[PDB]
Amino acid sequence: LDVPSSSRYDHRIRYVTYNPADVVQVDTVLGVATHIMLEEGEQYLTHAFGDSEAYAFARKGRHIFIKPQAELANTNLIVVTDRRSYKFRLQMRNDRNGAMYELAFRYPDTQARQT
Amino acid sequence: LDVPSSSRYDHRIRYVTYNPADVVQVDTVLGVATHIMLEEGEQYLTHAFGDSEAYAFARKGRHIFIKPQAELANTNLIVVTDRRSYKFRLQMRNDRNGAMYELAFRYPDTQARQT
Amino acid sequence: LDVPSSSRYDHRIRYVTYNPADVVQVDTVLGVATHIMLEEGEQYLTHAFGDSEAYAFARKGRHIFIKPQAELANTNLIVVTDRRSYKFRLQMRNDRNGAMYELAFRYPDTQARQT
Amino acid sequence: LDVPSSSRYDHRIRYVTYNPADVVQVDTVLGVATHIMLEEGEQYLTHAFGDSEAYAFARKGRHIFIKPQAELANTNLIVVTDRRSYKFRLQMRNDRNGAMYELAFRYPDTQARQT
Amino acid sequence: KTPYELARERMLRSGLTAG
Amino acid sequence: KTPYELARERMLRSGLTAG
Amino acid sequence: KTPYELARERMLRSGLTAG
Amino acid sequence: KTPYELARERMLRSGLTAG
Amino acid sequence: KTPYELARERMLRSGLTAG
């Protein structure tokens, strides 16, 4: 489980390094939308929720917004693209603290390919 | 949390310096519309509320007006554009004092790029 | 808060100097229409009330008329144009005295640009 | 408040000198129509009543007729044209005496421009 | 519904220009 | 339904621009 | 139906973008 | 409805030009 | 119908992708 690392300014902006053999722990609180933003030029193919009805998915290019629309919304999201496949573990938080407003990925595989 | 800094003439006109790793604290009182104005030539892609029904969103180019349309309207707004993504923390104020009539951004990243 | 300054002939005709970092206090009494008149050649883009239902807005070019259509009509009006954005604080008066029949702006920024 | 000056023949024909920083006191009695006549070649843009339902407005070119159609019809009329804007204070008279059958303007600004 | 109250409601309802 | 409550509901309901 | 419960249901129901 | 009251209402109702 | 039971039924009913 990748648990994303918060920024130094605000704890609502979190950073995680993409690893193809690991999943990302997303803590979604009630009534906020989480901005998940993919790599530049990455073409989204398909996704799949554990519950299509627990979470709301909106995408515009490489910008993905999710939002819990039901109680006890514990599922997983697997959004697959041309380059890689992202696996998230959406676990709803019960006290509406410690939200995540934006998740941003650091890809070391593309940096290694550049190296 | 960026808490915007008021003007010297009126406390209803507030200024905040854009920081990509931080969110902006917007205090929306009941029955006022807040003018959020983006950078010149910035192309708006998408936005996402915590509640589409708590707040009213109107946009005309780079001019964004929001207005609380429900009780206890505590959400977040993430308006994403071609250049950057803005993350606001809309927190409704209960006593209808200390309104914010206009939020204006100071971008140091474009000034640095010019430098 | 810019509080407009009355004429020497009639107190119903008021003058205010446009300041981009300040709002204008408009005292709207019941059953009168206030003439708000923008600069020559200024192109109106959009506006936004605190309450669309408290006030009535009519515009013909650069001539803007507003009129309270409900009780306790305390809102704000933010009419944005090509050149500048005007922020008014429409506060309804309860005793129907001290009306404002016309608000006229003195722009020192255009005079400075001419200077 | 410009209070128009009556003729020497009949007190129902009144004359007022146009002043851009002052309003005109019009005493409308029940059941008469007041003829308000603008300058020659002046193009009418828009008008605005305090009550659209208290007074009846008819215009044919530069000839403007108004008539009270409701009880306690105390409003204002702001008829704006290409050259100037006229502001009237229509105050209904309760005893149906001292009517005004015609209001005629004397423009000193155009005479000064000719001078 | 005193005449003053009726006038007040009429002032609230009416638009800027009729028709 | 005091007038203040009616005003509060009207503030909630109304949009940014009418029409 | 306390106001907090009504707010919670509204948060559940509403979509990401209205219209 | 005295004739004077009827006349007063007619004065209120009628427009500037008929038809 | 405890909330856990309602969640379990919702998990059963929902498809992989909504719409």
# chains A, B, ... in the order shown; residues from 1 in each chain; ligands from 1
>>> interface_residues(of="chain B", to="chain C", cutoff="6 Å", atoms="only C-alpha atoms", output="MDAnalysis selection string")
chainID B and resid 9:10 31:33
>>> select_by_dssp(residues="chain I", states="alpha helix (DSSP H)", output="PyMOL selection string")
chain I and resi 3-13
>>> interface_residues(of="chain D", to="chain H", cutoff="9 Å", atoms="only C-alpha atoms", output="ChimeraX atom specification")
/D:30-33,56-58,65-71
>>> atom_distance(atom1="CA of residue 115 in chain B", atom2="CA of residue 17 in chain B")
17.1 Å
>>> atom_distance(atom1="CA of residue 7 in chain A", atom2="CA of residue 5 in chain B")
22.1 Å
>>> calpha_fit_and_write(fixed="chain E", moving="chain F", output="mmCIF file with N, CA, C and O atoms, in the first residue's frame")
data_model
loop_
_atom_site.group_PDB
_atom_site.id
_atom_site.type_symbol
_atom_site.label_atom_id
_atom_site.label_comp_id
_atom_site.auth_asym_id
_atom_site.auth_seq_id
_atom_site.Cartn_x
_atom_site.Cartn_y
_atom_site.Cartn_z
ATOM 1 N N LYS F 1 -55.578 44.242 4.643
ATOM 2 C CA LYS F 1 -54.850 44.780 3.502
ATOM 3 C C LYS F 1 -55.121 46.265 3.335
ATOM 4 O O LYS F 1 -55.904 46.669 2.479
ATOM 5 N N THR F 2 -54.464 47.074 4.158
ATOM 6 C CA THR F 2 -54.613 48.511 4.069
ATOM 7 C C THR F 2 -54.064 49.000 2.730
ATOM 8 O O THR F 2 -53.233 48.332 2.112
ATOM 9 N N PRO F 3 -54.548 50.143 2.237
ATOM 10 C CA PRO F 3 -54.034 50.650 0.955
ATOM 11 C C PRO F 3 -52.530 50.819 0.929
ATOM 12 O O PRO F 3 -51.914 50.604 -0.121
ATOM 13 N N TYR F 4 -51.913 51.198 2.047
ATOM 14 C CA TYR F 4 -50.460 51.307 2.078
ATOM 15 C C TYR F 4 -49.796 49.955 1.857
ATOM 16 O O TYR F 4 -48.800 49.860 1.136
ATOM 17 N N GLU F 5 -50.329 48.898 2.467
ATOM 18 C CA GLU F 5 -49.765 47.571 2.248
ATOM 19 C C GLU F 5 -49.929 47.135 0.801
ATOM 20 O O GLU F 5 -49.019 46.538 0.216
ATOM 21 N N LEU F 6 -51.086 47.421 0.205
ATOM 22 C CA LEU F 6 -51.296 47.080 -1.195
ATOM 23 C C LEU F 6 -50.325 47.831 -2.093
ATOM 24 O O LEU F 6 -49.779 47.264 -3.047
ATOM 25 N N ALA F 7 -50.091 49.109 -1.798
ATOM 26 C CA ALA F 7 -49.111 49.874 -2.556
ATOM 27 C C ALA F 7 -47.721 49.282 -2.401
ATOM 28 O O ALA F 7 -46.949 49.238 -3.362
ATOM 29 N N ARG F 8 -47.377 48.838 -1.196
ATOM 30 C CA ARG F 8 -46.046 48.289 -0.972
ATOM 31 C C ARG F 8 -45.854 47.013 -1.778
ATOM 32 O O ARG F 8 -44.815 46.813 -2.419
ATOM 33 N N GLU F 9 -46.865 46.143 -1.781
ATOM 34 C CA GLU F 9 -46.776 44.939 -2.597
ATOM 35 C C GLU F 9 -46.701 45.271 -4.078
ATOM 36 O O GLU F 9 -45.950 44.623 -4.814
ATOM 37 N N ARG F 10 -47.458 46.268 -4.538
ATOM 38 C CA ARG F 10 -47.381 46.649 -5.944
ATOM 39 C C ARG F 10 -45.996 47.166 -6.298
ATOM 40 O O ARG F 10 -45.477 46.877 -7.380
ATOM 41 N N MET F 11 -45.385 47.939 -5.402
ATOM 42 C CA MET F 11 -44.026 48.406 -5.636
ATOM 43 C C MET F 11 -43.055 47.243 -5.735
ATOM 44 O O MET F 11 -42.134 47.261 -6.558
ATOM 45 N N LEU F 12 -43.224 46.233 -4.886
ATOM 46 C CA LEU F 12 -42.367 45.056 -4.975
ATOM 47 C C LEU F 12 -42.550 44.312 -6.289
ATOM 48 O O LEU F 12 -41.567 43.904 -6.908
ATOM 49 N N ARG F 13 -43.788 44.122 -6.729
ATOM 50 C CA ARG F 13 -44.042 43.243 -7.865
ATOM 51 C C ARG F 13 -43.617 43.851 -9.191
ATOM 52 O O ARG F 13 -43.088 43.145 -10.053
ATOM 53 N N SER F 14 -43.850 45.142 -9.379
ATOM 54 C CA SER F 14 -43.773 45.728 -10.708
ATOM 55 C C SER F 14 -42.347 45.738 -11.232
ATOM 56 O O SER F 14 -41.389 45.887 -10.474
ATOM 57 N N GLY F 15 -42.214 45.575 -12.546
ATOM 58 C CA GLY F 15 -40.925 45.639 -13.195
ATOM 59 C C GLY F 15 -40.510 47.064 -13.489
ATOM 60 O O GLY F 15 -41.183 48.033 -13.144
ATOM 61 N N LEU F 16 -39.354 47.190 -14.137
ATOM 62 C CA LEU F 16 -38.821 48.517 -14.430
ATOM 63 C C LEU F 16 -39.592 49.186 -15.562
ATOM 64 O O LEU F 16 -39.949 50.364 -15.476
ATOM 65 N N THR F 17 -39.865 48.446 -16.629
ATOM 66 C CA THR F 17 -40.638 48.934 -17.760
ATOM 67 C C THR F 17 -41.778 47.958 -18.001
ATOM 68 O O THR F 17 -41.556 46.744 -18.022
ATOM 69 N N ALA F 18 -42.987 48.476 -18.180
ATOM 70 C CA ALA F 18 -44.125 47.617 -18.468
ATOM 71 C C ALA F 18 -44.142 47.260 -19.946
ATOM 72 O O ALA F 18 -44.119 48.145 -20.806
ATOM 73 N N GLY F 19 -44.185 45.967 -20.239
ATOM 74 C CA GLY F 19 -44.179 45.500 -21.612
ATOM 75 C C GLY F 19 -42.840 45.686 -22.298
ATOM 76 O O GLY F 19 -41.870 44.998 -21.986
#
>>> residues_around(residues="residue 12 in chain C", least_positions_apart="3", cutoff="6 Å", atoms="only C-alpha atoms", output="PyMOL selection string")
chain C and resi 99-101
>>> atom_distance(atom1="CA of residue 28 in chain A", atom2="CA of residue 92 in chain A")
4.8 Å
>>> residues_around(residues="residue 106 in chain A", least_positions_apart="6", cutoff="12 Å", atoms="only C-alpha atoms", output="PyMOL selection string")
chain A and resi 4-5+14-19+37-40+112
>>> decode(residues="range 1-41 of chain B", atoms="N, CA and C atoms", output="CSV table (one decimal), in the first residue's frame")
chain,number,residue,atom,x,y,z
B,1,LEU,N,-3.0,26.0,4.1
B,1,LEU,CA,-4.2,26.9,3.8
B,1,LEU,C,-3.7,28.3,3.5
B,2,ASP,N,-3.8,28.8,2.3
B,2,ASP,CA,-3.7,30.2,2.0
B,2,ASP,C,-4.9,30.9,2.5
B,3,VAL,N,-4.7,31.9,3.4
B,3,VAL,CA,-5.8,32.7,3.9
B,3,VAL,C,-5.6,34.1,3.2
B,4,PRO,N,-6.5,34.5,2.3
B,4,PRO,CA,-6.2,35.7,1.5
B,4,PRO,C,-6.0,37.0,2.3
B,5,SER,N,-5.2,37.9,1.9
B,5,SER,CA,-4.9,39.1,2.6
B,5,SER,C,-5.8,40.3,2.0
B,6,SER,N,-6.5,41.0,2.9
B,6,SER,CA,-7.4,42.0,2.6
B,6,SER,C,-6.7,43.2,2.0
B,7,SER,N,-7.5,44.0,1.3
B,7,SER,CA,-7.0,45.3,0.8
B,7,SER,C,-6.9,46.3,2.0
B,8,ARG,N,-6.3,47.4,1.7
B,8,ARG,CA,-6.2,48.5,2.7
B,8,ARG,C,-7.4,49.4,2.7
B,9,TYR,N,-8.1,49.4,1.6
B,9,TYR,CA,-9.4,50.2,1.5
B,9,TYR,C,-10.6,49.5,2.1
B,10,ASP,N,-10.9,48.3,1.5
B,10,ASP,CA,-12.0,47.5,1.9
B,10,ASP,C,-11.5,46.1,2.2
B,11,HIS,N,-12.1,45.5,3.3
B,11,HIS,CA,-11.7,44.2,3.7
B,11,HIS,C,-12.4,43.1,2.9
B,12,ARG,N,-13.3,43.6,1.9
B,12,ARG,CA,-14.0,42.6,1.1
B,12,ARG,C,-13.3,42.3,-0.2
B,13,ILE,N,-12.1,42.9,-0.4
B,13,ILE,CA,-11.3,42.6,-1.6
B,13,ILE,C,-10.0,42.0,-1.1
B,14,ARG,N,-9.8,40.8,-1.5
B,14,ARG,CA,-8.7,40.0,-0.9
B,14,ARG,C,-7.8,39.5,-2.0
B,15,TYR,N,-6.5,39.4,-1.6
B,15,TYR,CA,-5.4,39.0,-2.5
B,15,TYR,C,-4.7,37.8,-2.0
B,16,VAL,N,-4.3,36.9,-2.9
B,16,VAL,CA,-3.6,35.7,-2.5
B,16,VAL,C,-2.6,35.3,-3.5
B,17,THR,N,-1.4,34.8,-3.1
B,17,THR,CA,-0.4,34.5,-4.1
B,17,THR,C,-0.5,33.0,-4.4
B,18,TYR,N,-0.6,32.7,-5.7
B,18,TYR,CA,-0.9,31.4,-6.1
B,18,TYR,C,0.3,30.5,-5.8
B,19,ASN,N,0.0,29.3,-5.1
B,19,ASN,CA,1.0,28.4,-4.8
B,19,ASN,C,0.5,27.0,-5.1
B,20,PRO,N,1.2,26.2,-6.0
B,20,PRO,CA,0.6,25.0,-6.5
B,20,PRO,C,0.4,23.9,-5.5
B,21,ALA,N,1.1,24.0,-4.3
B,21,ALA,CA,1.1,23.0,-3.3
B,21,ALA,C,0.3,23.4,-2.1
B,22,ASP,N,-0.7,24.3,-2.2
B,22,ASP,CA,-1.5,24.8,-1.1
B,22,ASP,C,-2.9,25.2,-1.6
B,23,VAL,N,-3.8,25.2,-0.7
B,23,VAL,CA,-5.2,25.5,-1.0
B,23,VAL,C,-5.5,26.8,-0.4
B,24,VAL,N,-6.6,27.4,-0.9
B,24,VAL,CA,-7.0,28.8,-0.5
B,24,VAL,C,-8.3,28.7,0.3
B,25,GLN,N,-8.3,29.4,1.4
B,25,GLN,CA,-9.4,29.4,2.3
B,25,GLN,C,-10.4,30.5,1.9
B,26,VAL,N,-11.5,30.2,1.4
B,26,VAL,CA,-12.5,31.1,0.9
B,26,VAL,C,-13.7,31.1,2.0
B,27,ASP,N,-14.0,32.2,2.6
B,27,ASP,CA,-15.1,32.4,3.5
B,27,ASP,C,-16.2,33.0,2.8
B,28,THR,N,-17.2,32.1,2.4
B,28,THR,CA,-18.4,32.5,1.7
B,28,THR,C,-19.5,32.7,2.7
B,29,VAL,N,-20.1,33.9,2.8
B,29,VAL,CA,-21.2,34.2,3.7
B,29,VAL,C,-22.5,34.1,2.8
B,30,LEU,N,-23.6,34.1,3.5
B,30,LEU,CA,-24.9,33.8,2.8
B,30,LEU,C,-25.3,35.1,2.0
B,31,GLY,N,-25.7,34.8,0.8
B,31,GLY,CA,-26.3,35.8,0.0
B,31,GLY,C,-25.4,36.8,-0.7
B,32,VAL,N,-24.1,36.5,-0.7
B,32,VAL,CA,-23.2,37.3,-1.5
B,32,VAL,C,-22.6,36.4,-2.6
B,33,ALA,N,-22.1,37.0,-3.7
B,33,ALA,CA,-21.4,36.3,-4.7
B,33,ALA,C,-20.0,36.7,-4.7
B,34,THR,N,-19.1,35.7,-4.8
B,34,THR,CA,-17.7,35.9,-4.7
B,34,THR,C,-17.1,35.9,-6.2
B,35,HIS,N,-16.4,36.9,-6.5
B,35,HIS,CA,-15.8,37.0,-7.8
B,35,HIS,C,-14.4,36.4,-7.7
B,36,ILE,N,-14.2,35.3,-8.4
B,36,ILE,CA,-12.9,34.7,-8.5
B,36,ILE,C,-12.4,34.8,-9.9
B,37,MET,N,-11.3,35.4,-10.1
B,37,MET,CA,-10.8,35.9,-11.5
B,37,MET,C,-9.5,35.3,-11.8
B,38,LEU,N,-9.4,34.5,-12.8
B,38,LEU,CA,-8.2,33.7,-13.2
B,38,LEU,C,-7.2,34.6,-14.0
B,39,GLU,N,-6.1,34.0,-14.3
B,39,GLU,CA,-5.1,34.8,-15.1
B,39,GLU,C,-5.6,35.1,-16.5
B,40,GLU,N,-5.0,36.1,-17.1
B,40,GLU,CA,-5.4,36.5,-18.4
B,40,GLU,C,-4.9,35.4,-19.4
B,41,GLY,N,-5.8,35.1,-20.3
B,41,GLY,CA,-5.5,34.1,-21.3
B,41,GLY,C,-5.5,32.7,-20.8
